[PDB]
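We begin with a single chain expressed as structure tokens, specifically the form deposited in one PDB entry.
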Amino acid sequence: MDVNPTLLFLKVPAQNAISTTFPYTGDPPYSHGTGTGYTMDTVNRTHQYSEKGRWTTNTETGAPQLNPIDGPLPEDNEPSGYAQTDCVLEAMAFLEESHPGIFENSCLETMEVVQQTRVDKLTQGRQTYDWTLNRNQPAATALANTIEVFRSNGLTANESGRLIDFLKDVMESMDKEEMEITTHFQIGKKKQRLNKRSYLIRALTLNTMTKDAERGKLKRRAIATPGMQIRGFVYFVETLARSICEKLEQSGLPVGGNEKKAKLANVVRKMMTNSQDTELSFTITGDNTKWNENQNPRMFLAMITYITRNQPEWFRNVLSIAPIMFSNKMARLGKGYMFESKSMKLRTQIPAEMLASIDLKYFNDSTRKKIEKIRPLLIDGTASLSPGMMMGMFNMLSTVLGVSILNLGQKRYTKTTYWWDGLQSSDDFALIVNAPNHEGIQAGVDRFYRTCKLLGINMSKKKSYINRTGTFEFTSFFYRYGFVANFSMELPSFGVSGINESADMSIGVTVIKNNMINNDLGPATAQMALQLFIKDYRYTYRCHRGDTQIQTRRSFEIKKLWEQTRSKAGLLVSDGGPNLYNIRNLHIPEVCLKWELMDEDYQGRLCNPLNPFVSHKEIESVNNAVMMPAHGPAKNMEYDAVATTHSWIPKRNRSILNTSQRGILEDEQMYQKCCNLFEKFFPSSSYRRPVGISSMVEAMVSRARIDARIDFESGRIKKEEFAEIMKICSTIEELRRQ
């Protein structure tokens, strides 16, 4: 007998066993070197799917741009980026007609946000391409470097602390004949200048990288990271788009998994149960091929111009700027390429910027063809990427277009016996078309396809299929007369999270409880998850029960603690104690679960504020850990935990010591020292970010003066100390003025 697990599907349906078809217990596929090849490939593809368009030469950047909107109509079933402005505008018009007042209210909400919003929110972000160093850097580091370079050049409105003022400064930076940046070598710095064209290409360019830990594809994909100038406009656009999608019952992107399932179930039921028995009803569980490549920023500009109808002109400009920059966006090629000489047994790293000049003897035919195709578009080491979006920066506006096309089958606009409705989240859709016969169904699916190709939305035939209503799939949610649990998407969340001992324990138990709530994880499976997580925890953090003979480098302190303690059921698993967790106790931290069993000496040592291990930076990070889910976008995991001596922060990379940018560490140290002093002056600097328009020193001295006077009037401070303080206050004010 040879064993075959797939035959299990001959009795149990595929949806009631779909977890079996998910190989999510092994290493995810990773990229190893440059992502230049995929960047070039994507550029050449998105310029191929729009080749019948019109070419232009930018007077500001000098870049060759291909515009396919209102181009000829497609003649075959291949991908096409020839969207029609009139058809997009008609879709928007009918959307507003079916949901009146939606655009007005969304614009009012976004206007309020623009009036209230501040610059500090841009610190809450992912990696961002710093244009001063030409390097991916944390969002706050890039923002700070850009602000510093602006203030060094002359753009100084941002002391207002408003995002819209930072955007005004970005706009006036482009009308300057020469920026002034700084470059490090190896230790000091050097001044450099950038003519208007150079700064323009640097402000409009995007960085490219390969996407690691992606489940479900044999070939690697490229992704982009924008700079500091585009980030604010794209933030405002995504605010507007979220505000819109929230008011639409057909969108699914701004909501969670459970709300997706609720919407999907309501729609499938409505199209099945609400529709008459005479009508047939068929569900196409489809996807869109080359979704981002065909999404022109010019039709996003058209959508922004429509949605903002009869709105103030400043709001129109602020929301229009982002599509304008995306239409002219450029893409950095990548890291470069590595060349090996086997006869001479050597390797070499060429940067991508030389590709414009490099001879083509050194490349394989595939790369030779890609380089030959891209060279016309290459201007100063970056490829003009005007003809289409790169990776989901304007996700919610694309979802708005999908909901518009889904709304255009309401039966008031088709004017025919067939009609359709469904749910779309960007790059994935479920469309239930109802009609009285199979000819009506075929006509409805043909009109859906054709109306989708006139708006630059291409349907994936490779990944779409049509059956009767009752069974379908949407974003790895399998509906079969009711939704079904998968548990294989959530499997990579069942280990130690890698923050600290307390945080890993809390995150593990909370993920077990959540998977029990949402994904119908069983009781036995939840207990087993507890046990296996605890084994992995103990082996990772070297904290075994203490009544064991596991010899490690951290087995001696745990044994001394085990022997010192009288009540041994009160110790934490992080200190070598037993496990008291079970189904009843998944919602309680490990410190409160063990508080009556602890010894008072151990209880007071563990929970001590004077410990040198606990550091907390901001209220946002106190109990929140960025957790990346598999086959999904990086989420944030709230984790209930107790502040103990196990709540440390771990060490840093420490490679930057060997690089030219080693002097950034000293900047970090001084910044943190200064901010600690400011928090001393302003106790609530951590909880609530301070606001105003005053240099830090003036506030420091003013608070010092207030504190000294209050202390002298009724406090410890004596007259001599108060006089010394006020004398230094005057000395400092004079030094600051000087």
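The first residue of the shown sequence is 1; numbering continues from there. Shifts are known only where both forms have a C-alpha. Take the two forms, find the largest set of C-alpha atoms that superpose within 1.5 Å, and that set is the rigid core.
Q: Does a third or more of the other compared entries skip modelling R654?
A: Looking at the other entries that model residues on either side of it, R654 is missing from at least a third.
Q: At least a third of the other compared entries: do they leave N636 without coordinates?
A: Across the compared entries, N636 is left out in at least a third.
Q: Look at the stretch from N658 to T659 and count the residues of the deposited sequence that the entry does not model, then pick none, 1 to 3, 4 to 9, or 10 or more.
A: Missing in between: none.
The same protein also has a form deposited in another entry, omitted here; what follows describes it.
Q: Determine, with the core as the superposition reference, the one member of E51, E60, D70, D711 that shifts its CA by 2 Å or more between the shown form and the other one.
A: Correct option: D711.
Q: Establish whether a shift of 2 Å or more occurs at the C-alpha of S730 between the shown form and the other one, with the two forms superposed on the rigid core.
A: Comparing forms between the shown form and the other one, the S730 CA shifts at least 2 Å.
Q: Which consecutive stretches of at least 3 residues differ between the shown form and the other one by 2 Å or more at every CA, rigid core held fixed, listed in sequence order?
A: Residues 711-738 form the sole shifted run.
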